[PDB]
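Have a look at the structure below, then the notes.
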Amino acid sequence: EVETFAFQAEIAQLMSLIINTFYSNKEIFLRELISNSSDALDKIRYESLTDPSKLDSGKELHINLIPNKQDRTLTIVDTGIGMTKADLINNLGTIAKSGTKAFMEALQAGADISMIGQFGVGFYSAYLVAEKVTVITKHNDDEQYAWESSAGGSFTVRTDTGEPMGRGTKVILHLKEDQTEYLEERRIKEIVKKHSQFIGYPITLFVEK
Ligand SMILES: Cc1cc(Oc2ccc(N)cn2)ccc1Cl
């Protein structure tokens, strides 16, 4: 059972801007995805300081990067707070309209795409490199859900049936044919060292066999 929802017009307008505009500095998508993973870990960590039972769904706080040349997917995983169904449909949905509007205004007043983090909507930079993003998330107070969107103004949300997660969020990036450089090891390691060297959580790069 899959529910399809329409993007908010501002947020739909941003991903059409991101996918279609030529902008060679595509690598900032990883810095934004890891930063949101670092933000998710901060929330579950701070919450466990008063309620240690919140970490019962996974004590380890880390970030993994799983490139897959066969599936052409770059997968970013964290064990952070995750997201409820209200985060996908509703809650987190409404915390981007304001950030999206302010970002496109600045884009015509000098600013460029690499500043998308300063507006709290850095996730949509994933569509620089990805033609489709599937997101698997798990919050302590909700079931497991799969979020997915090829942009195009809509997204889907379904109750996930795959491997249980415990807690955290997995972001699967179905990469464009012209974006396979971000499945290379030495390319991933260079962006992580360049952009996310001061992240307070271990970023493990999984190597393919
Ligand atoms: C369902 C939804 C998702 C959304 O954007 C994000 C943000 C972060 C992650 N991990 C996935 N999608 C923005 C608006 C909506 Cl309505």
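Residues in the structure tokens are numbered from 1 in each chain, the chains being A, B, ... in the order shown, and ligands are numbered from 1 in the order shown.
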
Picked from segment 18-169 of chain A by DSSP as strand (DSSP E), as a PyMOL selection string: chain A and resi 63-68+73-78+130-138+145-149+154-159+168-169

File dump, residues just selected, N, CA and C atoms, as an mmCIF file, in the first residue's frame:
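Result file follows (again_5.cif):
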data_model
loop_
_atom_site.group_PDB
_atom_site.id
_atom_site.type_symbol
_atom_site.label_atom_id
_atom_site.label_comp_id
_atom_site.auth_asym_id
_atom_site.auth_seq_id
_atom_site.Cartn_x
_atom_site.Cartn_y
_atom_site.Cartn_z
ATOM 1 N N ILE A 63 28.108 7.051 10.908
ATOM 2 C CA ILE A 63 27.664 7.290 9.541
ATOM 3 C C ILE A 63 28.423 6.338 8.628
ATOM 4 N N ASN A 64 27.697 5.627 7.772
ATOM 5 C CA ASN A 64 28.300 4.740 6.788
ATOM 6 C C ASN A 64 28.012 5.243 5.380
ATOM 7 N N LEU A 65 28.980 5.045 4.488
ATOM 8 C CA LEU A 65 28.849 5.402 3.081
ATOM 9 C C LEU A 65 29.042 4.141 2.251
ATOM 10 N N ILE A 66 27.985 3.717 1.565
ATOM 11 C CA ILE A 66 27.987 2.447 0.843
ATOM 12 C C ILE A 66 27.797 2.693 -0.649
ATOM 13 N N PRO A 67 28.869 2.801 -1.427
ATOM 14 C CA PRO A 67 28.715 2.876 -2.880
ATOM 15 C C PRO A 67 28.478 1.500 -3.480
ATOM 16 N N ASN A 68 27.700 1.484 -4.559
ATOM 17 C CA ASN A 68 27.333 0.246 -5.242
ATOM 18 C C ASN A 68 27.362 0.514 -6.738
ATOM 19 N N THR A 73 24.034 2.965 -7.053
ATOM 20 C CA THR A 73 23.455 3.658 -5.909
ATOM 21 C C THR A 73 24.529 3.975 -4.881
ATOM 22 N N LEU A 74 24.563 5.230 -4.446
ATOM 23 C CA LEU A 74 25.338 5.649 -3.287
ATOM 24 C C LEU A 74 24.392 5.716 -2.094
ATOM 25 N N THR A 75 24.721 4.994 -1.029
ATOM 26 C CA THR A 75 23.843 4.857 0.127
ATOM 27 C C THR A 75 24.505 5.482 1.347
ATOM 28 N N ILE A 76 23.819 6.439 1.968
ATOM 29 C CA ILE A 76 24.291 7.109 3.177
ATOM 30 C C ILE A 76 23.387 6.689 4.328
ATOM 31 N N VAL A 77 23.984 6.107 5.368
ATOM 32 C CA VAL A 77 23.259 5.585 6.521
ATOM 33 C C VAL A 77 23.725 6.313 7.774
ATOM 34 N N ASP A 78 22.792 6.566 8.690
ATOM 35 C CA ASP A 78 23.128 7.016 10.034
ATOM 36 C C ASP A 78 22.224 6.302 11.028
ATOM 37 N N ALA A 130 21.583 12.557 -8.149
ATOM 38 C CA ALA A 130 20.647 11.442 -8.188
ATOM 39 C C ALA A 130 19.439 11.779 -9.048
ATOM 40 N N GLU A 131 19.018 10.806 -9.858
ATOM 41 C CA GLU A 131 17.760 10.878 -10.588
ATOM 42 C C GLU A 131 16.580 10.403 -9.754
ATOM 43 N N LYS A 132 16.844 9.735 -8.633
ATOM 44 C CA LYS A 132 15.812 9.224 -7.747
ATOM 45 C C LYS A 132 16.458 8.937 -6.403
ATOM 46 N N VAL A 133 15.770 9.309 -5.331
ATOM 47 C CA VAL A 133 16.259 9.116 -3.975
ATOM 48 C C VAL A 133 15.212 8.321 -3.212
ATOM 49 N N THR A 134 15.587 7.128 -2.765
ATOM 50 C CA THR A 134 14.787 6.360 -1.822
ATOM 51 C C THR A 134 15.375 6.548 -0.429
ATOM 52 N N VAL A 135 14.516 6.851 0.539
ATOM 53 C CA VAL A 135 14.936 7.087 1.914
ATOM 54 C C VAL A 135 14.214 6.093 2.811
ATOM 55 N N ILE A 136 14.982 5.333 3.585
ATOM 56 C CA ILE A 136 14.449 4.420 4.588
ATOM 57 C C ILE A 136 14.787 5.001 5.954
ATOM 58 N N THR A 137 13.763 5.240 6.770
ATOM 59 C CA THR A 137 13.943 5.876 8.066
ATOM 60 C C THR A 137 13.223 5.083 9.149
ATOM 61 N N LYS A 138 13.638 5.324 10.392
ATOM 62 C CA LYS A 138 13.121 4.591 11.542
ATOM 63 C C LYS A 138 13.269 5.459 12.782
ATOM 64 N N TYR A 145 9.434 3.309 7.536
ATOM 65 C CA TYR A 145 8.800 3.850 6.344
ATOM 66 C C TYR A 145 9.835 4.073 5.253
ATOM 67 N N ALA A 146 9.374 3.982 4.011
ATOM 68 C CA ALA A 146 10.198 4.227 2.837
ATOM 69 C C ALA A 146 9.687 5.479 2.139
ATOM 70 N N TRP A 147 10.576 6.444 1.947
ATOM 71 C CA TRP A 147 10.291 7.657 1.199
ATOM 72 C C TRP A 147 11.045 7.601 -0.119
ATOM 73 N N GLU A 148 10.435 8.133 -1.170
ATOM 74 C CA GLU A 148 11.010 7.994 -2.498
ATOM 75 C C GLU A 148 10.457 9.093 -3.388
ATOM 76 N N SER A 149 11.318 9.636 -4.247
ATOM 77 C CA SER A 149 10.896 10.660 -5.192
ATOM 78 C C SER A 149 11.928 10.792 -6.301
ATOM 79 N N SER A 154 6.157 15.157 -7.079
ATOM 80 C CA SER A 154 5.457 14.257 -6.174
ATOM 81 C C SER A 154 6.449 13.320 -5.495
ATOM 82 N N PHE A 155 5.974 12.661 -4.441
ATOM 83 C CA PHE A 155 6.757 11.668 -3.724
ATOM 84 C C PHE A 155 5.815 10.584 -3.227
ATOM 85 N N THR A 156 6.403 9.469 -2.801
ATOM 86 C CA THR A 156 5.656 8.360 -2.231
ATOM 87 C C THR A 156 6.129 8.098 -0.810
ATOM 88 N N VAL A 157 5.231 7.536 -0.007
ATOM 89 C CA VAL A 157 5.554 7.039 1.324
ATOM 90 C C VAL A 157 4.817 5.722 1.508
ATOM 91 N N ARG A 158 5.550 4.681 1.893
ATOM 92 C CA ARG A 158 4.959 3.382 2.165
ATOM 93 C C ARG A 158 5.569 2.827 3.440
ATOM 94 N N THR A 159 4.809 1.978 4.126
ATOM 95 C CA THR A 159 5.362 1.228 5.246
ATOM 96 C C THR A 159 6.387 0.241 4.708
ATOM 97 N N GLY A 168 17.418 5.098 12.898
ATOM 98 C CA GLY A 168 18.277 5.818 11.980
ATOM 99 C C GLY A 168 17.613 6.036 10.635
ATOM 100 N N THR A 169 18.422 6.481 9.672
ATOM 101 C CA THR A 169 17.932 6.851 8.350
ATOM 102 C C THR A 169 18.939 6.442 7.286
#

May I ask you to write as a PyMOL selection string all residues lying at most 8 Å from ligand 1, with only C-alpha atoms and all ligand atoms counted? chain A and resi 5-8+11+36+87-96+121+123-124+135+137+147+155-157+169-171

Export of the given selection (N, CA and C atoms) as a PDB file, in the first residue's frame:
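So result.pdb came out as:
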ATOM      1  N   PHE A   5       1.892  11.661  -2.619  1.00  0.00           N
ATOM      2  CA  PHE A   5       1.584  13.026  -2.219  1.00  0.00           C
ATOM      3  C   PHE A   5       2.277  14.008  -3.153  1.00  0.00           C
ATOM      4  N   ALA A   6       1.706  15.204  -3.247  1.00  0.00           N
ATOM      5  CA  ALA A   6       2.268  16.264  -4.067  1.00  0.00           C
ATOM      6  C   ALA A   6       3.208  17.141  -3.245  1.00  0.00           C
ATOM      7  N   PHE A   7       4.341  17.482  -3.848  1.00  0.00           N
ATOM      8  CA  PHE A   7       5.275  18.430  -3.260  1.00  0.00           C
ATOM      9  C   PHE A   7       4.606  19.787  -3.078  1.00  0.00           C
ATOM     10  N   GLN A   8       5.049  20.531  -2.067  1.00  0.00           N
ATOM     11  CA  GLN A   8       4.665  21.932  -1.987  1.00  0.00           C
ATOM     12  C   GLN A   8       5.336  22.693  -3.120  1.00  0.00           C
ATOM     13  N   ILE A  11       8.835  23.880  -2.827  1.00  0.00           N
ATOM     14  CA  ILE A  11       9.819  22.811  -2.709  1.00  0.00           C
ATOM     15  C   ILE A  11       9.941  22.049  -4.023  1.00  0.00           C
ATOM     16  N   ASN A  36      23.338  16.522   7.559  1.00  0.00           N
ATOM     17  CA  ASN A  36      22.023  16.148   8.069  1.00  0.00           C
ATOM     18  C   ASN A  36      22.082  14.859   8.879  1.00  0.00           C
ATOM     19  N   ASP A  87       6.844  13.242   9.898  1.00  0.00           N
ATOM     20  CA  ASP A  87       7.972  13.988   9.352  1.00  0.00           C
ATOM     21  C   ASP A  87       7.925  14.015   7.833  1.00  0.00           C
ATOM     22  N   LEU A  88       7.674  12.866   7.216  1.00  0.00           N
ATOM     23  CA  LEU A  88       7.561  12.803   5.768  1.00  0.00           C
ATOM     24  C   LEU A  88       6.306  13.553   5.329  1.00  0.00           C
ATOM     25  N   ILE A  89       5.130  12.993   5.588  1.00  0.00           N
ATOM     26  CA  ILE A  89       3.882  13.710   5.341  1.00  0.00           C
ATOM     27  C   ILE A  89       3.609  14.617   6.537  1.00  0.00           C
ATOM     28  N   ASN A  90       3.735  15.939   6.326  1.00  0.00           N
ATOM     29  CA  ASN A  90       3.435  17.051   7.240  1.00  0.00           C
ATOM     30  C   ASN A  90       4.696  17.663   7.845  1.00  0.00           C
ATOM     31  N   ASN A  91       5.043  17.274   9.080  1.00  0.00           N
ATOM     32  CA  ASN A  91       6.009  17.975   9.935  1.00  0.00           C
ATOM     33  C   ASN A  91       7.233  18.525   9.212  1.00  0.00           C
ATOM     34  N   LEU A  92       8.210  17.661   8.925  1.00  0.00           N
ATOM     35  CA  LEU A  92       9.406  18.109   8.219  1.00  0.00           C
ATOM     36  C   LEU A  92       9.060  18.691   6.854  1.00  0.00           C
ATOM     37  N   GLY A  93       7.931  18.277   6.273  1.00  0.00           N
ATOM     38  CA  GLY A  93       7.495  18.868   5.018  1.00  0.00           C
ATOM     39  C   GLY A  93       7.309  20.372   5.106  1.00  0.00           C
ATOM     40  N   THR A  94       6.703  20.851   6.196  1.00  0.00           N
ATOM     41  CA  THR A  94       6.476  22.283   6.361  1.00  0.00           C
ATOM     42  C   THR A  94       7.729  23.048   6.776  1.00  0.00           C
ATOM     43  N   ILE A  95       8.795  22.362   7.186  1.00  0.00           N
ATOM     44  CA  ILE A  95      10.047  23.031   7.524  1.00  0.00           C
ATOM     45  C   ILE A  95      10.963  22.954   6.310  1.00  0.00           C
ATOM     46  N   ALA A  96      10.587  23.660   5.247  1.00  0.00           N
ATOM     47  CA  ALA A  96      11.399  23.755   4.042  1.00  0.00           C
ATOM     48  C   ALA A  96      10.827  24.816   3.117  1.00  0.00           C
ATOM     49  N   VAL A 121      17.830  23.300   3.800  1.00  0.00           N
ATOM     50  CA  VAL A 121      17.187  22.455   2.799  1.00  0.00           C
ATOM     51  C   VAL A 121      18.253  21.793   1.935  1.00  0.00           C
ATOM     52  N   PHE A 123      19.136  18.768   1.715  1.00  0.00           N
ATOM     53  CA  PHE A 123      18.854  17.418   1.236  1.00  0.00           C
ATOM     54  C   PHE A 123      18.609  17.398  -0.269  1.00  0.00           C
ATOM     55  N   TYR A 124      17.882  18.393  -0.785  1.00  0.00           N
ATOM     56  CA  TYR A 124      17.526  18.419  -2.201  1.00  0.00           C
ATOM     57  C   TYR A 124      18.734  18.567  -3.115  1.00  0.00           C
ATOM     58  N   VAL A 135      14.516   6.851   0.539  1.00  0.00           N
ATOM     59  CA  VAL A 135      14.936   7.087   1.914  1.00  0.00           C
ATOM     60  C   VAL A 135      14.214   6.093   2.811  1.00  0.00           C
ATOM     61  N   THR A 137      13.763   5.240   6.770  1.00  0.00           N
ATOM     62  CA  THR A 137      13.943   5.876   8.066  1.00  0.00           C
ATOM     63  C   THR A 137      13.223   5.083   9.149  1.00  0.00           C
ATOM     64  N   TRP A 147      10.576   6.444   1.947  1.00  0.00           N
ATOM     65  CA  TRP A 147      10.291   7.657   1.199  1.00  0.00           C
ATOM     66  C   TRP A 147      11.045   7.601  -0.119  1.00  0.00           C
ATOM     67  N   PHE A 155       5.974  12.661  -4.441  1.00  0.00           N
ATOM     68  CA  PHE A 155       6.757  11.668  -3.724  1.00  0.00           C
ATOM     69  C   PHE A 155       5.815  10.584  -3.227  1.00  0.00           C
ATOM     70  N   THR A 156       6.403   9.469  -2.801  1.00  0.00           N
ATOM     71  CA  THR A 156       5.656   8.360  -2.231  1.00  0.00           C
ATOM     72  C   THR A 156       6.129   8.098  -0.810  1.00  0.00           C
ATOM     73  N   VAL A 157       5.231   7.536  -0.007  1.00  0.00           N
ATOM     74  CA  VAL A 157       5.554   7.039   1.324  1.00  0.00           C
ATOM     75  C   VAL A 157       4.817   5.722   1.508  1.00  0.00           C
ATOM     76  N   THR A 169      18.422   6.481   9.672  1.00  0.00           N
ATOM     77  CA  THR A 169      17.932   6.851   8.350  1.00  0.00           C
ATOM     78  C   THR A 169      18.939   6.442   7.286  1.00  0.00           C
ATOM     79  N   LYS A 170      18.455   5.777   6.241  1.00  0.00           N
ATOM     80  CA  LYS A 170      19.262   5.406   5.087  1.00  0.00           C
ATOM     81  C   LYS A 170      18.781   6.190   3.874  1.00  0.00           C
ATOM     82  N   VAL A 171      19.707   6.860   3.197  1.00  0.00           N
ATOM     83  CA  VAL A 171      19.396   7.658   2.017  1.00  0.00           C
ATOM     84  C   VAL A 171      20.049   6.975   0.821  1.00  0.00           C
TER      85      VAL A 171
END

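Nearest to residue 205 of chain A of all the residues A:62, A:25, A:127, A:181 is A:62, based on only C-alpha atoms.
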
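Counting from atom CA of residue 104 of chain A, the distance to atom CA of residue 182 of chain A is 26.3 Å.
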
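The space between atom CA of residue 195 of chain A and atom CA of residue 29 of chain A spans 10.2 Å.
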
Nearest to residue 55 of chain A among A:99, A:166, A:125, A:185, with distances taken over only C-alpha atoms: which residue is it? A:166
